[PDB]
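Shown below: data21.pdb, with PDB, C-alpha atoms and all ligand atoms.
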ATOM      1  CA  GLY A   1       8.981  -8.541  10.159
ATOM      2  CA  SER A   2       6.057  -6.464   8.944
ATOM      3  CA  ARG A   3       2.965  -7.044   6.852
ATOM      4  CA  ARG A   4       2.676  -4.871   3.763
ATOM      5  CA  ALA A   5      -0.382  -2.705   4.068
ATOM      6  CA  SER A   6      -1.983  -0.234   1.719
ATOM      7  CA  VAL A   7      -2.678   2.867   3.818
ATOM      8  CA  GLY A   8      -4.730   5.878   2.734
ATOM      9  CA  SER A   9      -8.183   7.370   3.079
ATOM     10  CA  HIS A  10     -11.441   5.796   1.954
ATOM     11  CA  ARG A  11     -12.545   6.299  -1.661
ATOM     12  CA  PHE A  12     -16.324   5.835  -1.421
ATOM     13  CA  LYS A  13     -18.361   5.341  -4.579
ATOM     14  CA  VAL A  14     -22.114   4.861  -4.892
ATOM     15  CA  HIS A  15     -22.753   1.152  -5.276
ATOM     16  CA  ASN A  16     -25.588  -1.068  -6.449
ATOM     17  CA  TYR A  17     -25.823  -4.081  -4.155
ATOM     18  CA  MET A  18     -27.132  -7.337  -5.638
ATOM     19  CA  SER A  19     -27.858  -9.047  -2.314
ATOM     20  CA  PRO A  20     -29.056  -7.743   1.064
ATOM     21  CA  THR A  21     -26.098  -5.953   2.582
ATOM     22  CA  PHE A  22     -25.574  -4.229   5.913
ATOM     23  CA  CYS A  23     -23.879  -0.973   6.718
ATOM     24  CA  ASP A  24     -20.365  -1.712   8.036
ATOM     25  CA  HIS A  25     -20.635   1.336  10.292
ATOM     26  CA  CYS A  26     -24.089   1.171  11.935
ATOM     27  CA  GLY A  27     -25.306  -2.370  11.204
ATOM     28  CA  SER A  28     -28.625  -1.414   9.624
ATOM     29  CA  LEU A  29     -29.680  -2.815   6.257
ATOM     30  CA  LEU A  30     -28.650  -0.847   3.169
ATOM     31  CA  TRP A  31     -32.233  -0.224   2.000
ATOM     32  CA  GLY A  32     -33.425  -0.464  -1.587
ATOM     33  CA  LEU A  33     -32.572  -2.536  -4.625
ATOM     34  CA  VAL A  34     -30.317   0.122  -6.209
ATOM     35  CA  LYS A  35     -27.690   2.671  -5.143
ATOM     36  CA  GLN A  36     -28.276   1.498  -1.584
ATOM     37  CA  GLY A  37     -25.041   2.920  -0.252
ATOM     38  CA  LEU A  38     -21.373   3.549  -0.919
ATOM     39  CA  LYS A  39     -18.592   1.040  -1.227
ATOM     40  CA  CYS A  40     -14.969   1.943  -0.667
ATOM     41  CA  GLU A  41     -13.117   1.258  -3.905
ATOM     42  CA  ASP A  42      -9.967   0.374  -1.951
ATOM     43  CA  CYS A  43     -11.048  -1.675   1.077
ATOM     44  CA  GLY A  44     -14.615  -2.699   0.322
ATOM     45  CA  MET A  45     -16.244  -0.954   3.281
ATOM     46  CA  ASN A  46     -20.007  -0.551   2.755
ATOM     47  CA  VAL A  47     -21.856   2.417   4.268
ATOM     48  CA  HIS A  48     -25.156   4.275   4.170
ATOM     49  CA  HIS A  49     -24.977   7.697   2.556
ATOM     50  CA  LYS A  50     -25.686   9.164   6.014
ATOM     51  CA  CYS A  51     -22.928   7.076   7.585
ATOM     52  CA  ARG A  52     -20.251   8.241   5.147
ATOM     53  CA  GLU A  53     -19.771  11.296   7.392
ATOM     54  CA  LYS A  54     -19.604   9.156  10.526
ATOM     55  CA  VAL A  55     -16.739   6.802   9.688
ATOM     56  CA  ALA A  56     -13.062   7.529  10.222
ATOM     57  CA  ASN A  57     -11.248   8.385   7.009
ATOM     58  CA  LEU A  58      -8.466   5.866   7.695
ATOM     59  CA  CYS A  59      -8.430   3.125   5.060
ATOM     60  CA  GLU A  60      -6.045   0.195   5.385
ATOM     61  CA  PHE A  61      -5.894  -3.319   4.046
ATOM     62  CA  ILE A  62      -3.218  -5.980   3.898
ATOM     63  CA  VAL A  63      -1.767  -6.443   0.428
ATOM     64  CA  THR A  64      -1.568 -10.195  -0.150
ATOM     65  CA  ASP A  65      -0.404  -9.732  -3.745
TER      66      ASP A  65
ATOM     67  CA  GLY B   1      -7.345  13.792   2.409
ATOM     68  CA  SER B   2      -4.432  11.409   2.226
ATOM     69  CA  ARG B   3      -2.030   9.932  -0.272
ATOM     70  CA  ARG B   4      -2.136   6.185  -0.470
ATOM     71  CA  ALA B   5       1.067   4.492   0.574
ATOM     72  CA  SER B   6       2.299   0.958   0.439
ATOM     73  CA  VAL B   7       3.858   0.338   3.844
ATOM     74  CA  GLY B   8       5.933  -2.637   4.957
ATOM     75  CA  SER B   9       9.551  -3.635   5.431
ATOM     76  CA  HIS B  10      12.217  -3.717   2.716
ATOM     77  CA  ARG B  11      12.502  -6.807   0.530
ATOM     78  CA  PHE B  12      16.115  -6.757  -0.642
ATOM     79  CA  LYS B  13      17.292  -8.978  -3.485
ATOM     80  CA  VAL B  14      20.772  -9.164  -5.020
ATOM     81  CA  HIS B  15      20.844  -7.016  -8.134
ATOM     82  CA  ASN B  16      22.914  -6.593 -11.319
ATOM     83  CA  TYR B  17      23.429  -2.884 -11.975
ATOM     84  CA  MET B  18      24.030  -2.033 -15.622
ATOM     85  CA  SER B  19      25.472   1.408 -14.877
ATOM     86  CA  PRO B  20      27.550   2.818 -11.993
ATOM     87  CA  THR B  21      25.211   3.055  -9.028
ATOM     88  CA  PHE B  22      25.694   4.336  -5.500
ATOM     89  CA  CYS B  23      24.515   2.949  -2.197
ATOM     90  CA  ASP B  24      21.365   4.820  -1.107
ATOM     91  CA  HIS B  25      22.464   4.428   2.506
ATOM     92  CA  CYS B  26      26.155   5.337   2.627
ATOM     93  CA  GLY B  27      26.826   7.105  -0.683
ATOM     94  CA  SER B  28      29.760   4.923  -1.765
ATOM     95  CA  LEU B  29      29.819   3.253  -5.187
ATOM     96  CA  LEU B  30      28.298  -0.228  -5.528
ATOM     97  CA  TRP B  31      31.601  -1.760  -6.621
ATOM     98  CA  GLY B  32      31.994  -4.044  -9.607
ATOM     99  CA  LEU B  33      30.034  -4.841 -12.762
ATOM    100  CA  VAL B  34      27.681  -7.569 -11.443
ATOM    101  CA  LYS B  35      25.770  -8.409  -8.248
ATOM    102  CA  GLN B  36      27.078  -5.148  -6.848
ATOM    103  CA  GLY B  37      24.466  -4.836  -4.135
ATOM    104  CA  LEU B  38      20.827  -5.357  -3.260
ATOM    105  CA  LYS B  39      17.729  -3.598  -4.564
ATOM    106  CA  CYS B  40      14.508  -3.480  -2.589
ATOM    107  CA  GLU B  41      11.862  -5.190  -4.735
ATOM    108  CA  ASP B  42       9.207  -2.832  -3.335
ATOM    109  CA  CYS B  43      10.704   0.676  -3.183
ATOM    110  CA  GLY B  44      13.867   0.406  -5.303
ATOM    111  CA  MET B  45      16.362   1.270  -2.562
ATOM    112  CA  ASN B  46      19.906   0.202  -3.529
ATOM    113  CA  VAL B  47      22.365  -0.899  -0.840
ATOM    114  CA  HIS B  48      25.718  -2.565  -0.278
ATOM    115  CA  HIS B  49      25.488  -6.021   1.244
ATOM    116  CA  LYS B  50      27.086  -4.543   4.373
ATOM    117  CA  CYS B  51      24.592  -1.639   4.482
ATOM    118  CA  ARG B  52      21.607  -3.977   4.416
ATOM    119  CA  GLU B  53      22.118  -4.346   8.155
ATOM    120  CA  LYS B  54      22.355  -0.596   8.701
ATOM    121  CA  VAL B  55      19.167   0.698   7.081
ATOM    122  CA  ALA B  56      15.845   1.112   8.842
ATOM    123  CA  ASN B  57      13.427  -1.685   7.928
ATOM    124  CA  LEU B  58      10.614   0.737   7.122
ATOM    125  CA  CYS B  59       9.677   0.583   3.454
ATOM    126  CA  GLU B  60       7.095   2.952   2.057
ATOM    127  CA  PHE B  61       6.203   4.345  -1.328
ATOM    128  CA  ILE B  62       3.311   6.337  -2.769
ATOM    129  CA  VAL B  63       0.877   4.282  -4.847
ATOM    130  CA  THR B  64       0.319   6.336  -8.012
ATOM    131  CA  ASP B  65      -1.569   3.506  -9.719
TER     132      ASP B  65
HETATM  133 ZN    ZN C 101     -11.532   2.072   2.496
HETATM  134 ZN    ZN C 102     -25.159   3.021   8.369
HETATM  135 ZN    ZN C 103      11.996  -0.902   0.327
HETATM  136 ZN    ZN C 104      26.578   1.361   1.484
END
Output the file's structure as structure tokens, nothing else.
Ligand SMILES: [Zn+2]
Ligand SMILES: [Zn+2]
Ligand SMILES: [Zn+2]
Ligand SMILES: [Zn+2]
Amino acid sequence: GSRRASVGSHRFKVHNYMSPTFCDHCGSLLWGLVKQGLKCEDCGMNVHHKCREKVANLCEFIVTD
Amino acid sequence: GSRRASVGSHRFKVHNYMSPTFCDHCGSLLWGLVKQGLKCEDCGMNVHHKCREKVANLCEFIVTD
């Protein structure tokens, strides 16, 4: 038995956060009221622009569809 | 960079083939005109009932969505 996972690399896109949100890499607040960071279009990971280069490219999530 | 793949184990279901179709494992014809074998609902692999127990469980396909 195996879960079905979607497995690729992150697809980060600049994102406008509507509530205070923290960087999933470093834990600091994503500062500002607009374009505060990047959100992975596939797995939802939120990062600072500066942290984009610090995270592993590996992007996986369980497909519960 | 990486392709994105859907990765799990096969999900075989009995299948009615509308044209002559061969087992993707052993290469012999899926005999008969109905319920000739099983098709993986995820990757499309076609197998004899008897070959279901012979194939590796690993089921992957590229997500081109
Ligand atoms: Zn991701
Ligand atoms: Zn950060
Ligand atoms: Zn399969
Ligand atoms: Zn076979």
task: Any chance you could resolve the PyMOL selection byres (((chain A and resi 44) around 12) and not hetatm) against this file and give the residues as an NGL selection string?
output: :A and (10-15 or 23-24 or 37-43 or 45-47 or 59-61)
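With distances taken over only C-alpha atoms and all ligand atoms, A:9 is the one residue among A:19, A:9, A:52, A:4 lying closest to ligand ZN 101 (chain C).
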A straight line from CA of residue 5 in chain B to CA of residue 57 in chain A spans 14.4 Å
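Our summary of the geometry notes that CA of residue 53 in chain B is positioned 22.1 Å from CA of residue 20 in chain B.
Those protein and nucleic acid residues that have any atom within 6 Å of ligand ZN 104 (chain C) are, using only C-alpha atoms and all ligand atoms, residues 23, 25, 26, 28, 47, 48 and 51 of chain B.
We find CA of residue 1 in chain A and CA of residue 56 in chain B to be spaced 11.9 Å apart.
Residue nearest ligand ZN 102 (chain C), chosen from A:3, A:50, A:16, A:36 and counting all atoms listed in the file: A:50.
If you measure from each of A:58, A:63, A:29, A:7 to ligand ZN 102 (chain C) using all atoms listed in the file, the closest one turns out to be A:29.
Checking A:2, A:62, A:8, A:22 one by one against ligand ZN 101 (chain C), counting only C-alpha atoms and all ligand atoms, you find the shortest gap at A:8.
Remark: for ligand ZN 103 (chain C), the closest of the candidate residues B:35, B:21, B:30, B:6 is B:6 (distances computed over all atoms listed in the file).
Ranking B:64, B:34, B:54, B:18 by their shortest atom-to-atom distance to chain A, with all atoms listed in the file included, puts B:64 first.
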Box for range 36-51 of chain B - axis-aligned, 4 Å on each of the six sides, all listed atoms - centre and size in Å to one decimal, as AutoDock Vina command-line options.
--center_x 18.1 --center_y -2.4 --center_z -1.2 --size_x 25.9 --size_y 15.3 --size_z 19.3
